>>> print(open('my_file.txt').read())   # compact mmCIF, C-alpha atoms
# COMPACT_ATOMS: atom_id res chain seq x y z
CA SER A 1 -25.36 8.67 18.35
CA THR A 2 -28.26 6.25 18.45
CA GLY A 3 -30.04 3.83 16.15
CA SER A 4 -33.53 2.33 16.14
CA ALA A 5 -34.75 -0.44 13.83
CA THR A 6 -37.91 -2.49 13.67
CA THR A 7 -37.53 -6.27 13.89
CA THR A 8 -40.20 -8.46 12.27
CA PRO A 9 -41.07 -12.15 12.78
CA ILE A 10 -40.19 -14.26 9.75
CA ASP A 11 -43.37 -16.37 10.03
CA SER A 12 -46.57 -16.83 12.01
CA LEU A 13 -44.76 -18.74 14.79
CA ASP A 14 -42.06 -16.15 15.55
CA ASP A 15 -39.43 -18.71 14.53
CA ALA A 16 -36.95 -15.84 14.19
CA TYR A 17 -36.90 -12.09 13.66
CA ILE A 18 -35.36 -10.09 10.82
CA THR A 19 -34.11 -6.52 10.95
CA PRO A 20 -33.14 -4.47 7.87
CA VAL A 21 -29.46 -3.53 7.69
CA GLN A 22 -27.82 -1.20 5.16
CA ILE A 23 -24.46 -2.42 3.85
CA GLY A 24 -22.17 -0.61 1.44
CA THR A 25 -22.34 2.42 -0.82
CA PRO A 26 -24.87 2.81 -2.33
CA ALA A 27 -26.71 0.96 0.41
CA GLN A 28 -27.64 -2.68 -0.10
CA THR A 29 -30.40 -3.54 2.37
CA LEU A 30 -30.35 -7.09 3.73
CA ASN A 31 -32.67 -8.56 6.36
CA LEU A 32 -30.48 -9.99 9.10
CA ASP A 33 -31.17 -12.14 12.15
CA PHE A 34 -29.82 -10.20 15.13
CA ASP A 35 -28.24 -12.86 17.34
CA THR A 36 -27.08 -12.06 20.88
CA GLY A 37 -25.72 -15.63 21.03
CA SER A 38 -23.02 -15.20 18.37
CA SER A 39 -20.51 -12.62 17.22
CA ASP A 40 -20.22 -12.76 13.41
CA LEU A 41 -21.98 -10.46 10.95
CA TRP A 42 -22.27 -12.67 7.88
CA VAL A 43 -24.35 -12.37 4.73
CA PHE A 44 -25.48 -14.22 1.68
CA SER A 45 -23.45 -12.71 -1.12
CA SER A 46 -22.43 -12.76 -4.76
CA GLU A 47 -19.78 -15.26 -3.59
CA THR A 48 -22.25 -17.78 -2.13
CA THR A 49 -22.36 -21.08 -4.02
CA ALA A 50 -25.25 -20.52 -6.41
CA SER A 51 -27.06 -23.78 -5.59
CA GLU A 52 -27.11 -22.71 -1.92
CA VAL A 53 -29.00 -19.45 -2.61
CA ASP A 54 -32.80 -19.77 -2.80
CA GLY A 55 -34.56 -16.42 -2.59
CA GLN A 56 -32.26 -14.53 -0.21
CA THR A 57 -31.09 -11.03 -0.97
CA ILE A 58 -27.34 -11.00 -1.54
CA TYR A 59 -24.59 -8.52 -0.77
CA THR A 60 -22.41 -7.80 -3.81
CA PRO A 61 -19.18 -6.18 -2.58
CA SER A 62 -18.05 -5.31 -6.12
CA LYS A 63 -21.00 -2.90 -6.32
CA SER A 64 -20.05 -1.07 -3.11
CA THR A 65 -17.55 1.76 -3.50
CA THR A 66 -16.67 1.47 0.22
CA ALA A 67 -16.08 -2.31 0.29
CA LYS A 68 -12.52 -3.53 0.79
CA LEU A 69 -11.35 -7.13 0.88
CA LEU A 70 -9.89 -7.94 4.29
CA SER A 71 -6.94 -9.73 2.78
CA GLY A 72 -6.33 -13.25 4.00
CA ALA A 73 -9.26 -13.28 6.40
CA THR A 74 -11.64 -16.24 6.50
CA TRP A 75 -14.46 -17.28 8.80
CA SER A 76 -16.35 -20.45 9.61
CA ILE A 77 -19.11 -20.87 12.17
CA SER A 78 -21.29 -23.69 13.45
CA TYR A 79 -24.43 -23.00 15.45
CA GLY A 80 -26.12 -24.94 18.23
CA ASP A 81 -28.76 -26.22 15.82
CA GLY A 82 -26.11 -27.86 13.63
CA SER A 83 -26.24 -25.24 10.87
CA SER A 84 -23.08 -23.61 9.57
CA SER A 85 -21.60 -21.16 7.10
CA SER A 86 -18.16 -19.96 6.03
CA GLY A 87 -16.39 -17.61 3.65
CA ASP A 88 -14.14 -14.58 3.33
CA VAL A 89 -14.35 -11.04 4.70
CA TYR A 90 -14.81 -7.47 3.51
CA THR A 91 -14.89 -4.28 5.49
CA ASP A 92 -17.69 -1.89 4.57
CA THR A 93 -20.06 0.70 5.96
CA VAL A 94 -22.95 -0.82 7.89
CA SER A 95 -25.97 1.08 9.21
CA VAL A 96 -28.76 -0.12 11.49
CA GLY A 97 -31.72 2.14 12.09
CA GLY A 98 -29.72 5.28 11.35
CA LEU A 99 -26.58 4.27 13.30
CA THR A 100 -23.55 3.93 11.02
CA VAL A 101 -20.30 2.03 11.54
CA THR A 102 -17.50 2.42 9.02
CA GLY A 103 -15.00 -0.37 8.54
CA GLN A 104 -17.30 -3.09 9.88
CA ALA A 105 -16.25 -6.64 9.07
CA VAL A 106 -18.89 -8.06 6.74
CA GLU A 107 -18.35 -11.80 6.44
CA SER A 108 -19.30 -12.95 2.95
CA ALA A 109 -20.60 -16.51 2.75
CA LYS A 110 -19.07 -18.81 0.21
CA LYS A 111 -20.94 -21.78 1.70
CA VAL A 112 -24.05 -22.10 3.86
CA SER A 113 -25.73 -25.22 5.20
CA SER A 114 -29.10 -26.41 4.02
CA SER A 115 -31.18 -24.81 6.77
CA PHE A 116 -29.92 -21.38 5.72
CA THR A 117 -30.61 -22.06 2.04
CA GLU A 118 -34.09 -23.30 2.89
CA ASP A 119 -35.00 -20.11 4.76
CA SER A 120 -35.51 -17.48 2.11
CA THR A 121 -36.38 -14.79 4.68
CA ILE A 122 -32.99 -14.56 6.43
CA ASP A 123 -30.19 -12.91 4.44
CA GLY A 124 -27.56 -13.42 7.15
CA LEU A 125 -26.85 -12.92 10.83
CA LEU A 126 -25.69 -9.92 12.86
CA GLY A 127 -23.95 -11.15 15.99
CA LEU A 128 -24.35 -9.23 19.23
CA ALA A 129 -22.55 -11.49 21.73
CA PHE A 130 -19.02 -10.56 22.82
CA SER A 131 -16.36 -10.15 20.17
CA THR A 132 -14.22 -12.87 21.77
CA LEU A 133 -16.52 -15.35 19.97
CA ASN A 134 -15.95 -13.87 16.50
CA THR A 135 -14.63 -16.55 14.16
CA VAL A 136 -12.58 -14.46 11.70
CA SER A 137 -9.04 -15.76 11.28
CA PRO A 138 -6.22 -14.85 11.56
CA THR A 139 -7.37 -11.46 12.89
CA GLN A 140 -10.51 -11.63 15.02
CA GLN A 141 -13.06 -8.91 14.23
CA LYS A 142 -15.40 -6.80 16.34
CA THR A 143 -19.18 -6.93 16.36
CA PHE A 144 -21.29 -4.06 15.10
CA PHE A 145 -22.12 -3.12 18.69
CA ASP A 146 -18.48 -3.20 19.77
CA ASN A 147 -17.52 -0.95 16.86
CA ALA A 148 -20.40 1.47 17.54
CA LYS A 149 -20.12 1.51 21.33
CA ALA A 150 -17.78 4.47 21.82
CA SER A 151 -19.98 6.66 19.60
CA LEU A 152 -23.26 5.75 21.28
CA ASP A 153 -24.95 8.11 23.73
CA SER A 154 -24.92 5.19 26.21
CA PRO A 155 -23.08 1.87 25.66
CA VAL A 156 -26.23 -0.24 25.43
CA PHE A 157 -28.62 -1.89 23.05
CA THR A 158 -32.13 -3.09 23.80
CA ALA A 159 -34.25 -5.94 22.44
CA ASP A 160 -38.03 -5.51 22.45
CA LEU A 161 -39.30 -8.53 20.54
CA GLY A 162 -42.99 -8.83 19.69
CA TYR A 163 -45.31 -11.77 20.15
CA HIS A 164 -46.71 -12.43 16.68
CA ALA A 165 -45.91 -8.79 15.91
CA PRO A 166 -42.96 -6.52 15.08
CA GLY A 167 -40.70 -5.13 17.76
CA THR A 168 -37.60 -2.95 18.09
CA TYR A 169 -33.84 -3.04 18.48
CA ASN A 170 -32.46 0.24 19.82
CA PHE A 171 -28.80 1.19 20.08
CA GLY A 172 -27.41 3.81 22.44
CA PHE A 173 -30.52 4.67 24.46
CA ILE A 174 -33.23 3.17 26.64
CA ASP A 175 -36.77 4.04 25.48
CA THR A 176 -38.51 4.63 28.80
CA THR A 177 -41.91 4.46 27.05
CA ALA A 178 -41.33 0.87 25.89
CA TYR A 179 -41.75 -0.92 29.23
CA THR A 180 -43.82 -0.85 32.40
CA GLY A 181 -42.52 -0.56 35.93
CA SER A 182 -38.77 -0.56 36.44
CA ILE A 183 -35.85 -2.37 34.81
CA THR A 184 -34.16 -4.92 37.05
CA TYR A 185 -30.47 -5.33 36.29
CA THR A 186 -28.54 -8.52 36.92
CA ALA A 187 -24.90 -9.55 36.68
CA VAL A 188 -23.36 -10.96 33.50
CA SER A 189 -20.45 -13.34 33.06
CA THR A 190 -18.58 -12.85 29.80
CA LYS A 191 -16.33 -15.88 30.41
CA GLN A 192 -17.98 -17.93 27.64
CA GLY A 193 -18.50 -14.92 25.36
CA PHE A 194 -22.26 -14.81 25.97
CA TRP A 195 -24.70 -12.55 27.79
CA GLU A 196 -24.70 -15.14 30.57
CA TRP A 197 -26.68 -14.48 33.74
CA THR A 198 -28.39 -16.33 36.60
CA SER A 199 -32.16 -16.37 36.93
CA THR A 200 -33.43 -16.58 40.50
CA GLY A 201 -36.13 -19.20 39.85
CA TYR A 202 -39.42 -19.97 38.20
CA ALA A 203 -43.13 -20.60 38.58
CA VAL A 204 -45.57 -22.60 36.46
CA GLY A 205 -48.95 -20.96 35.92
CA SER A 206 -50.42 -19.70 39.18
CA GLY A 207 -48.12 -21.98 41.18
CA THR A 208 -45.70 -20.93 43.88
CA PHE A 209 -42.34 -19.52 42.87
CA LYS A 210 -39.40 -21.90 43.24
CA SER A 211 -36.24 -20.07 44.26
CA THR A 212 -33.36 -21.74 42.44
CA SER A 213 -30.38 -20.43 40.49
CA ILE A 214 -30.58 -21.05 36.74
CA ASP A 215 -27.49 -19.97 34.81
CA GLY A 216 -28.22 -19.30 31.16
CA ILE A 217 -27.73 -16.99 28.20
CA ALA A 218 -29.93 -14.25 26.75
CA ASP A 219 -30.01 -15.36 23.12
CA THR A 220 -32.18 -13.54 20.58
CA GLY A 221 -30.99 -15.99 17.91
CA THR A 222 -32.58 -19.02 19.59
CA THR A 223 -36.32 -19.45 19.12
CA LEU A 224 -37.26 -21.40 22.25
CA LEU A 225 -36.63 -21.43 26.00
CA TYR A 226 -34.24 -24.24 26.99
CA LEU A 227 -34.08 -25.02 30.72
CA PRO A 228 -33.03 -27.89 32.98
CA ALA A 229 -35.01 -31.09 32.61
CA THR A 230 -36.44 -30.78 36.15
CA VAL A 231 -37.94 -27.35 35.38
CA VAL A 232 -39.25 -28.39 31.98
CA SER A 233 -40.87 -31.54 33.38
CA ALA A 234 -42.58 -29.47 36.09
CA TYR A 235 -44.01 -27.18 33.39
CA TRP A 236 -45.31 -29.86 31.04
CA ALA A 237 -46.76 -31.92 33.89
CA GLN A 238 -49.40 -29.17 34.12
CA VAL A 239 -50.58 -29.81 30.54
CA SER A 240 -52.85 -32.83 30.10
CA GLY A 241 -51.43 -35.19 27.50
CA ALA A 242 -48.07 -33.45 27.13
CA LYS A 243 -45.09 -35.75 26.72
CA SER A 244 -41.50 -35.77 25.59
CA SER A 245 -41.25 -37.37 22.16
CA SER A 246 -37.86 -38.72 21.11
CA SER A 247 -39.11 -39.05 17.53
CA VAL A 248 -40.24 -35.43 17.32
CA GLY A 249 -37.29 -34.10 19.33
CA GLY A 250 -38.89 -32.59 22.42
CA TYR A 251 -42.04 -31.98 24.36
CA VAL A 252 -45.28 -32.03 22.42
CA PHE A 253 -48.77 -31.37 23.68
CA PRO A 254 -52.34 -31.65 22.40
CA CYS A 255 -53.14 -28.70 20.18
CA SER A 256 -56.49 -28.51 22.02
CA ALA A 257 -54.71 -27.52 25.26
CA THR A 258 -54.67 -24.13 26.92
CA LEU A 259 -51.09 -23.67 28.12
CA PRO A 260 -50.17 -22.22 31.53
CA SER A 261 -47.87 -19.27 31.81
CA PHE A 262 -44.25 -19.60 32.88
CA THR A 263 -42.55 -17.08 35.18
CA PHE A 264 -38.80 -16.58 35.51
CA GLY A 265 -37.00 -14.56 38.15
CA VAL A 266 -34.65 -11.65 37.55
CA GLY A 267 -33.35 -10.79 40.99
CA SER A 268 -36.46 -10.11 43.05
CA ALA A 269 -38.44 -9.27 39.90
CA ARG A 270 -40.54 -11.63 37.81
CA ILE A 271 -41.12 -11.90 34.06
CA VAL A 272 -44.30 -13.73 33.04
CA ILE A 273 -44.37 -15.60 29.73
CA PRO A 274 -48.05 -16.04 28.75
CA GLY A 275 -49.07 -19.58 27.87
CA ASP A 276 -49.80 -18.66 24.27
CA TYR A 277 -46.13 -17.73 23.76
CA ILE A 278 -45.24 -21.38 24.44
CA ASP A 279 -47.35 -22.77 21.56
CA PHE A 280 -45.29 -23.52 18.44
CA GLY A 281 -48.12 -25.13 16.55
CA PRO A 282 -48.60 -28.47 14.85
CA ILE A 283 -45.52 -30.66 14.56
CA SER A 284 -46.44 -31.23 10.89
CA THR A 285 -49.18 -29.64 8.84
CA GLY A 286 -52.59 -30.80 9.99
CA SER A 287 -51.35 -32.63 13.08
CA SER A 288 -53.16 -32.29 16.40
CA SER A 289 -49.83 -32.65 18.23
CA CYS A 290 -48.27 -29.26 18.89
CA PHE A 291 -44.64 -28.43 19.61
CA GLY A 292 -43.75 -26.87 22.95
CA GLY A 293 -41.86 -23.63 23.37
CA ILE A 294 -40.14 -24.72 26.59
CA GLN A 295 -37.69 -27.57 26.04
CA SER A 296 -34.95 -29.31 27.96
CA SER A 297 -31.40 -27.99 27.76
CA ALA A 298 -30.00 -31.33 28.92
CA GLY A 299 -28.43 -32.11 25.54
CA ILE A 300 -27.05 -28.59 24.98
CA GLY A 301 -24.71 -27.91 27.90
CA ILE A 302 -26.19 -24.47 28.62
CA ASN A 303 -29.59 -23.04 29.44
CA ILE A 304 -30.89 -20.64 26.80
CA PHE A 305 -33.32 -17.77 27.37
CA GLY A 306 -34.33 -17.57 23.72
CA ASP A 307 -37.07 -15.59 22.04
CA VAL A 308 -39.91 -17.29 23.96
CA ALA A 309 -38.53 -15.75 27.15
CA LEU A 310 -37.07 -12.53 25.79
CA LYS A 311 -40.22 -11.47 23.90
CA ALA A 312 -42.05 -11.31 27.25
CA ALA A 313 -39.67 -8.54 28.37
CA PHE A 314 -37.93 -5.34 27.46
CA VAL A 315 -34.28 -6.41 27.61
CA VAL A 316 -31.27 -4.13 28.11
CA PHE A 317 -27.87 -5.39 26.96
CA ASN A 318 -25.60 -3.06 28.93
CA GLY A 319 -22.12 -3.02 27.40
CA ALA A 320 -20.52 -0.80 30.01
CA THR A 321 -17.06 -1.72 31.26
CA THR A 322 -18.73 -4.28 33.52
CA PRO A 323 -21.62 -5.55 31.37
CA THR A 324 -25.03 -6.27 32.88
CA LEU A 325 -28.48 -7.32 31.66
CA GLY A 326 -31.72 -5.53 32.44
CA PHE A 327 -35.25 -6.92 32.24
CA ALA A 328 -38.56 -5.09 32.49
CA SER A 329 -42.13 -6.17 31.95
CA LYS A 330 -43.96 -4.47 29.09
>>> encode(input="my_file.txt", output="structure tokens")
Amino acid sequence: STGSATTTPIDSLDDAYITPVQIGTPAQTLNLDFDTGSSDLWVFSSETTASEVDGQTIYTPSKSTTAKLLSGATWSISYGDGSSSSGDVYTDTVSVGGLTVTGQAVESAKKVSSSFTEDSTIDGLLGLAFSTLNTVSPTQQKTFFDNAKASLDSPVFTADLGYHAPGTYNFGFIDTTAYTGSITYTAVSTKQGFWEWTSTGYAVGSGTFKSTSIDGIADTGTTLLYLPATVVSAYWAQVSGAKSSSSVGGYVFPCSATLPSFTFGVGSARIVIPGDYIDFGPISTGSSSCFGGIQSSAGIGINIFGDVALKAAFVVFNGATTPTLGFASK
């Protein structure tokens, strides 16, 4: 089997991407944030505290003839941005782009933190990291990809995120028309539960490539590119007037600037992030200070190849017995 679904930016900045997902019988379609940095499929629901729902579409398990309470199971997750959610668990039929999994754990939110409430466009998350990170207790549950894998034509999914435009998540096949050149594959460590890999270096604009190992994670659920402070300083030093602002929470730059590109290495291959992809717009409405799309990872503990980086590539998440990542230009 295969599946193919379009993923759409939630706003004009590509702050996140939403993909329609069918849950239950008859189908209830929710727009989920596909997150290769976590491993829970959770949704706003008829159980979510009413004051914490503000415009999201909810899953109502009592209206699904295939929903079953997973008795005794609870979940609770906290994300790197400080947001969180928790609740109980149903199993139900879940379909993405024509690919159907029966008995998928659908984690129903009883509580969500304010940033989820405040984002009316995201109805939940669909985790695509390794199932060892799934938070369901006392019986850990499998991701949608893990459940689908054996049925797929090939044990892979691909992320093809658009810049200020829709893109595609495919399951079970590699669309050879969706990228240019060849796909360069690179080793993955699953030891932390992430799609963790080592970039071979970087360049800023037209500058020379610096060969240096940068361990980080391919994370579709993180908006920006978070790299070591040395690398980030070297980038922003090429932008007149750019500075790190403690009050704003990262590097800012004059909105009048033209940003240089940023290149990252994948083995001997190179992925070029155009400068425009690094512009996240005014820090507040009407400001002439703009927020940068490359930020320091120093306070995180891990480097994160988020959407800013991934949207410059066609990315293969290869879930074979030894997982690997593939990157192609497009």
>>> closest_atom_pairs(input="my_file.txt", of="segment 187-286 of chain A", to="segment 17-39 of chain A", cutoff="7 Å", atoms="only C-alpha atoms", output="CSV")
residue,atom,partner,partner_atom,distance
A:194,CA,A:37,CA,6.1
A:218,CA,A:36,CA,6.9
A:219,CA,A:37,CA,4.8
A:220,CA,A:35,CA,5.1
A:221,CA,A:35,CA,4.2
>>> closest_residue(input="my_file.txt", among="A:174, A:231, A:112, A:126", to="residue 316 of chain A", atoms="all atoms listed in the file")
A:174
>>> closest_residue(input="my_file.txt", among="A:130, A:42, A:90, A:291", to="residue 190 of chain A", atoms="all atoms listed in the file")
A:130
>>> closest_residue(input="my_file.txt", among="A:175, A:14, A:279, A:47", to="residue 310 of chain A", atoms="only C-alpha atoms")
A:14
>>> closest_residue(input="my_file.txt", among="A:209, A:173, A:163, A:280", to="residue 254 of chain A", atoms="only C-alpha atoms")
A:280
>>> closest_atom_pairs(input="my_file.txt", of="segment 86-125 of chain A", to="segment 138-144 of chain A", cutoff="10 Å", atoms="all atoms listed in the file", output="JSON lines")
{"residue": "A:89", "atom": "CA", "partner": "A:141", "partner_atom": "CA", "distance": 9.8}
{"residue": "A:94", "atom": "CA", "partner": "A:144", "partner_atom": "CA", "distance": 8.1}
{"residue": "A:95", "atom": "CA", "partner": "A:144", "partner_atom": "CA", "distance": 9.1}
{"residue": "A:96", "atom": "CA", "partner": "A:144", "partner_atom": "CA", "distance": 9.2}
{"residue": "A:100", "atom": "CA", "partner": "A:144", "partner_atom": "CA", "distance": 9.3}
{"residue": "A:101", "atom": "CA", "partner": "A:144", "partner_atom": "CA", "distance": 7.1}
{"residue": "A:102", "atom": "CA", "partner": "A:144", "partner_atom": "CA", "distance": 9.7}
{"residue": "A:103", "atom": "CA", "partner": "A:144", "partner_atom": "CA", "distance": 9.8}
{"residue": "A:104", "atom": "CA", "partner": "A:144", "partner_atom": "CA", "distance": 6.6}
{"residue": "A:105", "atom": "CA", "partner": "A:141", "partner_atom": "CA", "distance": 6.5}
{"residue": "A:106", "atom": "CA", "partner": "A:141", "partner_atom": "CA", "distance": 9.5}
{"residue": "A:107", "atom": "CA", "partner": "A:141", "partner_atom": "CA", "distance": 9.8}
>>> closest_residue(input="my_file.txt", among="A:46, A:10, A:128, A:134", to="residue 158 of chain A", atoms="all atoms listed in the file")
A:128
>>> residues_around(input="my_file.txt", residues="residue 314 of chain A", least_positions_apart="5", cutoff="10 Å", atoms="all atoms listed in the file", output="list in words")
residues 158, 159, 160, 161, 162, 168, 174, 175, 178, 179, 180, 183, 271, 326, 327, 328, 329 and 330 of chain A
>>> write_last_selection(input="my_file.txt", atoms="C-alpha atoms", output="PDB file, keeping the file's coordinate frame")
ATOM      1  CA  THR A 158     -32.130  -3.090  23.800  1.00  0.00           C
ATOM      2  CA  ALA A 159     -34.250  -5.940  22.440  1.00  0.00           C
ATOM      3  CA  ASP A 160     -38.030  -5.510  22.450  1.00  0.00           C
ATOM      4  CA  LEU A 161     -39.300  -8.530  20.540  1.00  0.00           C
ATOM      5  CA  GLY A 162     -42.990  -8.830  19.690  1.00  0.00           C
ATOM      6  CA  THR A 168     -37.600  -2.950  18.090  1.00  0.00           C
ATOM      7  CA  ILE A 174     -33.230   3.170  26.640  1.00  0.00           C
ATOM      8  CA  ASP A 175     -36.770   4.040  25.480  1.00  0.00           C
ATOM      9  CA  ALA A 178     -41.330   0.870  25.890  1.00  0.00           C
ATOM     10  CA  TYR A 179     -41.750  -0.920  29.230  1.00  0.00           C
ATOM     11  CA  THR A 180     -43.820  -0.850  32.400  1.00  0.00           C
ATOM     12  CA  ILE A 183     -35.850  -2.370  34.810  1.00  0.00           C
ATOM     13  CA  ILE A 271     -41.120 -11.900  34.060  1.00  0.00           C
ATOM     14  CA  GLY A 326     -31.720  -5.530  32.440  1.00  0.00           C
ATOM     15  CA  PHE A 327     -35.250  -6.920  32.240  1.00  0.00           C
ATOM     16  CA  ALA A 328     -38.560  -5.090  32.490  1.00  0.00           C
ATOM     17  CA  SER A 329     -42.130  -6.170  31.950  1.00  0.00           C
ATOM     18  CA  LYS A 330     -43.960  -4.470  29.090  1.00  0.00           C
TER      19      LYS A 330
END
>>> atom_distance(input="my_file.txt", atom1="atom CA of residue 307 of chain A", atom2="atom CA of residue 108 of chain A")
26.2 Å
>>> atom_distance(input="my_file.txt", atom1="atom CA of residue 200 of chain A", atom2="atom CA of residue 251 of chain A")
23.9 Å
>>> closest_residue(input="my_file.txt", among="A:110, A:92, A:223, A:78", to="residue 50 of chain A", atoms="all atoms listed in the file")
A:110
>>> build_atoms(input="my_file.txt", residues="segment 69-82 of chain A", atoms="N, CA and C atoms", output="CSV table (one decimal), keeping the file's coordinate frame")
chain,number,residue,atom,x,y,z
A,69,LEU,N,-11.7,-5.8,0.4
A,69,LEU,CA,-11.4,-7.1,0.9
A,69,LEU,C,-10.5,-7.0,2.1
A,70,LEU,N,-10.8,-7.8,3.1
A,70,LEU,CA,-9.9,-7.9,4.3
A,70,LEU,C,-9.0,-9.1,3.9
A,71,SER,N,-7.8,-8.8,3.5
A,71,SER,CA,-6.9,-9.7,2.8
A,71,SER,C,-6.5,-10.8,3.7
A,72,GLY,N,-6.7,-12.1,3.3
A,72,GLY,CA,-6.3,-13.2,4.0
A,72,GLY,C,-7.3,-13.7,5.0
A,73,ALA,N,-8.4,-13.0,5.3
A,73,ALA,CA,-9.3,-13.3,6.4
A,73,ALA,C,-10.3,-14.3,5.9
A,74,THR,N,-10.6,-15.3,6.8
A,74,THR,CA,-11.6,-16.2,6.5
A,74,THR,C,-12.4,-16.4,7.8
A,75,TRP,N,-13.6,-17.0,7.6
A,75,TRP,CA,-14.5,-17.3,8.8
A,75,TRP,C,-15.2,-18.6,8.6
A,76,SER,N,-15.6,-19.2,9.7
A,76,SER,CA,-16.4,-20.4,9.6
A,76,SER,C,-17.0,-20.6,11.0
A,77,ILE,N,-18.3,-20.8,10.9
A,77,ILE,CA,-19.1,-20.9,12.2
A,77,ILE,C,-20.1,-22.0,12.1
A,78,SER,N,-20.3,-22.6,13.3
A,78,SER,CA,-21.3,-23.7,13.4
A,78,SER,C,-22.2,-23.3,14.6
A,79,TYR,N,-23.5,-23.4,14.4
A,79,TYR,CA,-24.4,-23.0,15.4
A,79,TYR,C,-25.0,-24.2,16.2
A,80,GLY,N,-25.6,-23.9,17.3
A,80,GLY,CA,-26.1,-24.9,18.2
A,80,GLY,C,-27.1,-25.8,17.6
A,81,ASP,N,-27.8,-25.4,16.5
A,81,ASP,CA,-28.8,-26.2,15.8
A,81,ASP,C,-28.1,-27.1,14.7
A,82,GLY,N,-26.8,-27.1,14.6
A,82,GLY,CA,-26.1,-27.9,13.6
A,82,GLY,C,-25.9,-27.2,12.3
